[PDB]
Amino acid sequence: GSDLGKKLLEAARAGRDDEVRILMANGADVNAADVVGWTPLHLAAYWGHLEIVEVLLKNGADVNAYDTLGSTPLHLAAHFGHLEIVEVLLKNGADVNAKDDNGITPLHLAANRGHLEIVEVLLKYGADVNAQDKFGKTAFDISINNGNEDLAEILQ
Amino acid sequence: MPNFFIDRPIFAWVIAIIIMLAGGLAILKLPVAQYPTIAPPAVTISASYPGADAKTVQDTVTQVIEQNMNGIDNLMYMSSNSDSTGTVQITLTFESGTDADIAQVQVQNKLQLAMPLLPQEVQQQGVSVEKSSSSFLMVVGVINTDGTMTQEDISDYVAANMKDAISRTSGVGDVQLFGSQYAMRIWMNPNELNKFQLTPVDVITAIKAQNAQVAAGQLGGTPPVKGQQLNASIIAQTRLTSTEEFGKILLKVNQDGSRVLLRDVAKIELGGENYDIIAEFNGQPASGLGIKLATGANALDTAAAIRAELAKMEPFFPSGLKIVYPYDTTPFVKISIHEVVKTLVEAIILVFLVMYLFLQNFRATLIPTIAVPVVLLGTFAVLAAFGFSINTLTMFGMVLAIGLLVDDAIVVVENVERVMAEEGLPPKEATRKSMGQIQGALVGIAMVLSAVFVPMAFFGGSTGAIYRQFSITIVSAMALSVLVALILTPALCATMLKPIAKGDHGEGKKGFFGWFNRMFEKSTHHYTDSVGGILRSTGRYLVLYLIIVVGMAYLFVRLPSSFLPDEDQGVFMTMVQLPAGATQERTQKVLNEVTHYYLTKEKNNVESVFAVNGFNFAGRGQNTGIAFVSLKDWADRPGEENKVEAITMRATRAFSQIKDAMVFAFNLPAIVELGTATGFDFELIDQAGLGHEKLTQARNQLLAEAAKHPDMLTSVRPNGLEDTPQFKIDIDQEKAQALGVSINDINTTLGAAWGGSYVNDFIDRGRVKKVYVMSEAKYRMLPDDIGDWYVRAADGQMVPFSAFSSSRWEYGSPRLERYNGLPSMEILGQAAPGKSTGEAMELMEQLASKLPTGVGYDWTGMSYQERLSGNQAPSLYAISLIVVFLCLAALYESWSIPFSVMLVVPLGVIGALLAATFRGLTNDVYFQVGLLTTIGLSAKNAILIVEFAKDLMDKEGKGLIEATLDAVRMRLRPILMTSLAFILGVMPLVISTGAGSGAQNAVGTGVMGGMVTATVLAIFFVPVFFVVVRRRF
Amino acid sequence: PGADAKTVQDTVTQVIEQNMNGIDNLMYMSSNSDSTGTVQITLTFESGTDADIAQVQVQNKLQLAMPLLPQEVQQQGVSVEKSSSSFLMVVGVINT
Ligand SMILES: CCCCCCCCCCCCO[C@@H]1O[C@H](CO)[C@@H](O[C@H]2O[C@H](CO)[C@@H](O)[C@H](O)[C@H]2O)[C@H](O)[C@H]1O
Ligand SMILES: CCCCCCCCCCCCO[C@@H]1O[C@H](CO)[C@@H](O[C@H]2O[C@H](CO)[C@@H](O)[C@H](O)[C@H]2O)[C@H](O)[C@H]1O
Ligand SMILES: CCCCCCCCCCCCO[C@@H]1O[C@H](CO)[C@@H](O[C@H]2O[C@H](CO)[C@@H](O)[C@H](O)[C@H]2O)[C@H](O)[C@H]1O
């Protein structure tokens, strides 16, 4: 929503660590969203750029910020398997039980793609294992349907 | 042989006449086009999968086709792009010299076979296979000025009335429509569809049922009951013809007795096949005709006929329809012909003036005036013999050769005039002696000149084809010229020339000519004395000579090489590129500005701007665009500030002020193909199944690591588009089955409403057009709209998409490249200031090796051709040298003497190099072809000085120095003349502005400088050369 | 199949013919459309024309037409070949 805002959006999704630093020095927006409601935090989370996420979070970026479809950066991180980014977000205040418009939590997505390490971490930060999507499925359900034996053990 | 025709001038006249007759004939039956075919044969397969994403297209269509492209002959490479608009193109590119017809049929025969492997909706749309030719003869724009016609309305009209006639017109090979004909459009309304429990599926079923072609049979058909008196055809239901009918299509009979019509749940109108591309011409709606010349045709004739046909159409146009002509190569090509007939006429005139000045004789003024056209005539014939076209390249190949044509006439005649004026012989016995003095050298010259040009025909690929035009034109012109000078001129001299009595050097004559005759006869002595002095001290000049060779070498290196020089072509483009997710609305906002600039801030130079939204040289899409800007005549745009290259940077600057767009402008290249010298074309390749994300990454790495060498690599860039947000909708199979909803009903509802669907055909006013079902736009814009669509479940209950789907944002590709079968990413860039391309390439190659495992790379396009076909330039010129030496050695009966002549070469080159580098020009093709002709003449001039000199020694028993002086004295005059005539001859081209200027400049300014130096230097250096060589051995 | 002459022309003959222009050495082009549902389009080439190359070129242009043609006409197949029109002979077969 500004010359630098958009510029920052570009920089975060490509992970130009330095250009981010500068824009950060310059006061570029941390709430600059594109047409789908993604902020540079989302972009950095989806694309796995740890330094940026840490940087943006220091500069007051919204960690529970949410796309036009209800999805917070934690979702994107959990789903796309970036352990380190998940830990940071969580440690920095992220909602672990955030439900997108479909009722899908970050636990759900990690479960589906079978990133167990991410699951434990989310479990450790107290993710509701019993929470269910619009279709009424738990992350355990996701696991048995996908036939992940190891993952279903954890989710008990 | 010259003595044969000296006693038989009738025979010579016959031969002469026969040459002219063939030539005149061949001038008529010879094709005219701008450039001949240069690019090696390419064939493009194109299909469209209505409503598909780049991956869907690639994975259901592109791969299947690529997978079936085997057994085809003479492939070099195969590239394909699959994009977000539903379209794939696959380009197979064949070896140079492959029959394009054969290549095209082979490609299509394989596609045919692969066809049943493609989705329904794609075989239904078909997949077209064409030749790749980025050469339009012209583009006819068709606009509506009184605003009563949408671009669809225009397009349809153009199709229904204008297109077929233009197709049938003489000389036109292919015609392309810049729009689509009408299409029956059913614009669904999901709200209505719900109150009557209807899905898109019923709407489609109804349409296939009621808009159809039913076979019946015959009354009284065979075998009949005998005694049958009548046989008639039974004619059943036929195709629908109107919107009224389509709207009367019956969907449902409600239980209460009510009727549900297609128009009850839809809006129905004649519309377009697709709406991806918005064409505007100076802000008004627009359509067009992209027209291409046919094989062996004549651009000029064809263009004329195209215009005359549109004329015949004018009376019937609806209100405010108008033809305009935003692209026409034809006025251009006209200029090129005019300018080269001029140059060939001017030169005869210059030669007449010179011939008369020095020789002071009218009967002699005629000999070259006959011989030169006769040679130019028969040249045309031999050009037709190998079936070349009158084109930009062969025409300039003539002007370049004009010097040698002129020379051979000048030479043969002058030497007869000299022999009389020195010995008091009769014309007949004089020519017999004079021809006897030069005949062997002439045969020799024809060989030596062959070995200079003929090698150039042998270069490979695109460039080779270009050289080949010049190489062949110039070898034939040369060889006729030598034949003529051995058959015609000898006879013409012997029978046309006024006697001269011994010693009469016209020194005792009138005013101007007596004074000239003495000022010249004197300057001949100064010259003589100069060479005598020069010969007393040869070391001084072997040193001077080594300096010019170094200068030549140094100059050469520091001269930028190009292919063909840019040209104000009457038009130029400008690219706009909004970012990811930008609507076509927004793109039009920019385009209207770009149009605004050119119409306001360049009222002077711009006649029109054709704005095309949705299309772009990097890709297709709602967020791309291109604007074709057409300029007023060159006569209305004078002075470098009003030529294309100015307007370019000025417009590029103003557009850098555009907030959220990437807008620049640029001029088209000469020949539409070869891109950039110093420029390269790179393919990054997935050789191990890594996928998109990993490949984008290897690309990123290679780009970033190339940006860290701005001294070799400059402007290294991706050719394709970047990933963009996508809307991923997941169907819940479980809940679908549990509610009694079908998968196919769900999916067909999604895709038909949101993507469109080609149902079948109908007939509109006698023409067969398509029928499309889609949602009215206001129900297919935003994600919230998805659940506004209802699908019927087996139990007859209406269920909203919101109940069995889930949606999320995720990034994916809107354009996916492949190269020789595998996923790829195209990379462009050029060599940095002053570096070669093979250097920049070698670094890219080196830099690429350090990429992640599984990533490979290939060189395509011009780079492919370089990596295999530039290395010949030495090897070929080594052959030249060897043959040249060999011929000379044969000529002079000496392994040693040839060096005396060969040494002349840099004397020509240095001026040319000075002259180019001066002006700020380049080492482009014209320049190089000009070098060869410069070198040719000087080599010739030399060959004669040496031969005469040597002759005097061997025959009259003269000393080395005595003969070199005498030779150089004799050979002084005809060298001055030829040069004098030629330097003037090329002067017009040297100073030309606009209108095919850039070309004329290139051929001219490098011939001028080179002729200056090769004349001055050779009259001093050649005598030295002979003497030192004869001394050393 | 089953289509009248006007239909067979509007939906097939026209479509093909309008894609049939711009071919090397094409003197003239006759065609007809009967009531069985049959289209026959004949292109005649300047004497000297390589017949096999001529065929290929027509093959190539016909491709561009194929998809625009009705579904059921492509289902029948559409052939492209050098042709004659004169019977060299008629071999008769009878039973004695
Ligand atoms: C009337 C007399 C005048 C006649 C003059 C014309 C004759 C010219 C001969 C045509 C040459 C054809 O071009 C052909 O190209 C290949 C290129 O892969 C050359 O092959 C080359 O391979 C490597 C390439 O890395 C070169 O370094 C090498 O110098 C060369 O041998 C051939 O040597 C040549 O024969
Ligand atoms: C064709 C168009 C342009 C015309 C003029 C352009 C400029 C070039 C002029 C010609 C140069 C040669 O001019 C000639 O040079 C030699 C020197 O090497 C001179 O010769 C003299 O100098 C040398 C040494 O210094 C002596 O060994 C020699 O014995 C002596 O006579 C000649 O007296 C002079 O006539
Ligand atoms: C009496 C014998 C006569 C023999 C003398 C030799 C002739 C010299 C002049 C003609 C030059 C021919 O052309 C020579 O090779 C190529 C031709 O594409 C030119 O330009 C360039 O072409 C290729 C391909 O695009 C590039 O890879 C290369 O970097 C570059 O050399 C050069 O500018 C020129 O040096």
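Quick check on B:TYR598: is it away from every other protein chain (no Cβ under 14 Å), more than 16 Å from ligand 3 (Cβ to nearest atom), buried (at least 19 other Cβ atoms within 10 Å of the Cβ) and not in a strand (DSSP E or B)?
Yes, satisfied.
Just checking, how many residues over region B:111-168 are of a type outside the set (A, V, I, L, M) and in a strand (DSSP E or B)?
5
Any residue at all in region B:840-848 that is in a strand (DSSP E or B) and more than 30 Å from B:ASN747 (Cα to Cα)?
To start, the set of residues in region B:840-848 that are in a strand (DSSP E or B) comprises none.
Checking region B:840-848: not a single residue is in a strand (DSSP E or B) and more than 30 Å from B:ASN747 (Cα to Cα).
Does region B:877-886 include one or more residues that are away from ligand 1 (no atom under 14 Å from the Cβ), closer than 15 Å to B:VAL452 by Cβ and not aliphatic (A, V, I, L, M)?
no
State all residues of region A:74-104 that are within 12 Å of another protein chain (Cβ to nearest Cβ) and closer than 9 Å to A:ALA45 by Cβ; if no residue qualifies, say none.
A:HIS75, A:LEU76, A:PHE80
Looking at C:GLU81 and the list (1) more than 10 Å from chain B (Cβ to nearest Cβ); (2) over 26 Å from B:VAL105 (Cα atoms), which single condition is not satisfied?
Failed condition: (2).
Looking only at region B:966-994, filter to residues that are buried (at least 22 other Cβ atoms within 10 Å of the Cβ) and away from ligand 2 (no atom under 16 Å from the Cβ); which one of those is nearest to the other protein chains (Cβ to nearest Cβ)?
Residue satisfying both the conditions and the ranking: B:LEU989.
Are there any pairs, at least 6 apart or on different chains, whose C-beta atoms fall under 8 Å, with the first in region A:51-73 and away from chain B (no Cβ under 14 Å) and under 25 Å from A:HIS108 (Cβ atoms) and the second of a type in the set (S, T, N, Q) and surrounded by fewer than 22 Cβ atoms within 10 Å (Cβ to Cβ), and if so, which?
Every condition considered, the pairs that remain are A:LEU57/A:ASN92; A:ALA61/A:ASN31; A:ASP62/A:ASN31; A:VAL63/A:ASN92.
If B:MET552 meets every condition in (1) touching a residue at least 24 places away in the same chain (Cβ under 8 Å); (2) in a loop (DSSP other than H, G, I, E, B) apart from one, which number is that one?
(2)
Search region B:429-455 for residues being β-branched (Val, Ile, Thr) and within 12 Å of ligand 1 (Cβ to nearest atom), and hand back the single one that is nearest to the other protein chains (Cβ to nearest Cβ).
By that ranking, first place goes to B:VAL454.
If I ask for residues that are closer than 30 Å to B:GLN213 by Cβ, of a type in the set (A, V, I, L, M, F, W, C) and within 7 Å of chain B (Cβ to nearest Cβ), which ones from region C:56-67 would you list?
C:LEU64, C:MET66
Residue-by-condition table, conditions (1) aromatic (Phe, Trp, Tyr); (2) surrounded by 18 or more Cβ atoms within 10 Å (Cβ to Cβ); (3) more than 30 Å from B:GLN237 (Cα to Cα):
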| position | (1), (2), (3) |
| --- | --- |
| B:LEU721 | no, yes, yes |
| B:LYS728 | no, no, yes |
| B:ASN744 | no, no, no |
| B:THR748 | no, no, no |
| B:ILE763 | no, yes, no |
| B:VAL768 | no, yes, no |
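Tell me the residue from B:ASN642, B:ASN667, B:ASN719 that is in contact (Cβ under 8 Å) with a residue 12 or more places away in the chain, more than 23 Å from B:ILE827 (Cβ to Cβ) and under 24 Å from the mean Cα position of the chain (by Cα), please.
So the residue among B:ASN642, B:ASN667, B:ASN719 that is in contact (Cβ under 8 Å) with a residue 12 or more places away in the chain, more than 23 Å from B:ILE827 (Cβ to Cβ) and under 24 Å from the mean Cα position of the chain (by Cα) is B:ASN667.
Restricting attention to region B:280-336, which residues are in a loop (DSSP other than H, G, I, E, B), out of contact with any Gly (no Cβ under 6 Å at 6 or more places or on another chain) and within 14 Å of chain C (Cβ to nearest Cβ)?
Of everything in region B:280-336, those that are in a loop (DSSP other than H, G, I, E, B), out of contact with any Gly (no Cβ under 6 Å at 6 or more places or on another chain) and within 14 Å of chain C (Cβ to nearest Cβ) turn out to be B:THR295, B:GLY296.
Name the single residue that is nearest to the chain's Cα centre (by Cα) among those in region B:219-257 being outside any helix (DSSP H, G or I), within 23 Å of B:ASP202 (Cα to Cα) and of a type in the set (A, V, I, L, M, F, W, C).
Filtering region B:219-257 for residues outside any helix (DSSP H, G or I) gives B:219-242, B:248-257.
Then keep just the ones that are within 23 Å of B:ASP202 (Cα to Cα); that gives B:237-242, B:248-257.
Imposing the further condition that a residue be of a type in the set (A, V, I, L, M, F, W, C) reduces the set to B:240, B:249-251, B:253.
Numbers: B:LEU240: 46, B:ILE249: 52, B:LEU250: 55, B:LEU251: 55, B:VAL253: 62 Å.
Filtering first and then ranking leaves B:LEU240.
Which pairs do you get when a residue that is within 13 Å of chain B (Cβ to nearest Cβ), found in region C:42-55, comes within reach of a residue that is of a type in the set (S, T, N, Q) and in a loop (DSSP other than H, G, I, E, B), reach meaning Cβ atoms under 6 angstrom, with the pair 6+ apart or on two chains?
Qualifying pairs under 6 Å: C:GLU46/C:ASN25; C:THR49/C:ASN25.
Let's see how each residue does on (1) within 16 Å of ligand 1 (Cβ to nearest atom); (2) of a type in the set (D, E, K, R); (3) buried (at least 24 other Cβ atoms within 10 Å of the Cβ):
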residue: B:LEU868; (1), (2), (3): yes, no, no
residue: B:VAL905; (1), (2), (3): no, no, no
residue: B:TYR926; (1), (2), (3): no, no, yes
residue: B:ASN941; (1), (2), (3): no, no, yes
residue: B:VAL946; (1), (2), (3): no, no, yes
residue: B:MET953; (1), (2), (3): no, no, no
residue: B:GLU956; (1), (2), (3): no, yes, no
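With the structure loaded, tell me whether B:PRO833 is surrounded by fewer than 19 Cβ atoms within 10 Å (Cβ to Cβ) and not in a helix (DSSP H, G or I) or whether it fails that test.
yes
Could you tell me which residue of region B:495-544 is surrounded by the most Cβ atoms within 10 Å (Cβ to Cβ), considering only residues that are acidic (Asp, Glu) and more than 14 Å from ligand 2 (Cβ to nearest atom)?
Across region B:495-544, the extreme among qualifying residues is B:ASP504.
Could you figure out which of (1) in a helix (DSSP H, G or I); (2) in contact with a helix residue (DSSP H, G or I) (Cβ under 7 Å, 6 or more places away or on another chain) isn't true of A:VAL96?
Result: A:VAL96 fails condition (1) only.
If B:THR93 passes every condition in (1) more than 30 Å from B:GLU810 (Cα to Cα); (2) crowded, with 19+ Cβ neighbours inside 10 Å; (3) within 14 Å of chain C (Cβ to nearest Cβ) but one, which one does it miss?
It fails just one condition, (3).
Identify all residues within region C:14-37 that are facing chain B (nearest Cβ under 8 Å), buried (at least 19 other Cβ atoms within 10 Å of the Cβ) and polar (S, T, N, Q); write none if there are none.
C:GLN14, C:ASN21
Could you give every pair whose Cβ atoms fall below 6 Å, whose first residue belongs to region B:924-946 and is within 17 Å of B:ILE1019 (Cβ to Cβ) and touching a residue at least 60 places away in the same chain (Cβ under 8 Å), and whose second residue is basic (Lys, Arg) and more than 16 Å from ligand 1 (Cβ to nearest atom), counting only separations of at least 6 or pairs across chains?
So the pair list comes out as B:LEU944/B:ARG971; B:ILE945/B:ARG971.
Report, by residue number, each residue of region B:174-218 that is in a loop (DSSP other than H, G, I, E, B), within 14 Å of chain C (Cβ to nearest Cβ) and under 30 Å from C:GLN57 (Cβ atoms).
Within region B:174-218, B:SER180, B:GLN181 meet the criteria.
From B:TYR49, B:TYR35, grab the single residue that is closer than 20 Å to B:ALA294 by Cβ and aromatic (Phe, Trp, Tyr).
B:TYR35
A short reminder: the numbers here are calculations on the coordinates, not readings from a lab. Positions of Cβ are backbone-derived with ideal geometry, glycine not excepted, and every protein chain shown enters the neighbour counts.
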